[PDB]
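Have a look below at one chain only, the form deposited in one PDB entry, in structure tokens format.
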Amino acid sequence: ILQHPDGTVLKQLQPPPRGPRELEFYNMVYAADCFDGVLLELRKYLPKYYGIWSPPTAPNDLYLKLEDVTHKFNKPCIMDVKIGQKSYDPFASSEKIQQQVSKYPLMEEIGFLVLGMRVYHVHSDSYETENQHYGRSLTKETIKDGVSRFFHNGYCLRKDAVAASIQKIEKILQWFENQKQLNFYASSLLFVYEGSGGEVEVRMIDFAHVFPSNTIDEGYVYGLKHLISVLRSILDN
């Protein structure tokens, strides 16, 4: 992710077929002539999309120009959570299924995976960062405390940010409860709160494996609900 001079970011297209599929998704959702109510509502939960972008001298080098969802924050605390029971898509080969499940074999049970976090600490005026191996090490026994860490600043557990996150996720859940046209695999939620009350951003990202469907995205719904349940239990701390 590159931070373009505008309060925007540039996300470089992943290699094919993943990057092209993500481009296609953003193009479908943000089509100027789109009046599908489902897709118009979905726009609220994505970064705003400004189209494909390439450097002036490098039309080969493809990016998505996207809203910087952290722009309104001073000291943003950011967590990326992959959502769903399966991180492989409906056309994955046996090898690919195994590759994806082996990255985190608890995906079916938990329904989400923390990809990373960056937490501002007041006491030290510095960031603690957790990488991909952090969330991949979390089990049913440790997922609550693992998620809790995101909301620990210098002095307190940020239950305000926890409650706001639940409230924002519930709107996304409601969108999923009311559509049967898209299924999302290996997609994520980006959580942002202010680390420097109740002010949170939750946006859906990572759309290289979104497929047309005729069913409720049940794995995504499972994950959102379990994530809501974990966050809710954290409010009892």
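For the two forms, the rigid core is made up of the largest set of C-alpha atoms that agree within 1.5 Å on superposition. In case it trips you up, residue 1 is the first one in the sequence shown, and so on.
Not pictured, yet referred to below: the form deposited in another entry.
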property	result
Moved residue between the shown form and the other one - picked from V162, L138, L115, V147, where its Cα shifts 2 angstroms or more relative to the rigid core	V162
Per-residue C-alpha change between the shown form and the other one, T70, threshold 2 Å, rigid core fit	no
Did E177 shift 2 Å or more between the shown form and the other one, C-alpha, core superposed	yes
Is_shifted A58 between the shown form and the other one (CA, 2 Å cut-off, rigid core)	yes
Direction of the Cα shift between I166 and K75 in the other entry, where the change is 3 Å or more	closer
Closer or farther: C-alpha pair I166/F73 in the other entry, relative to this form, given a change of 3 Å or more	closer
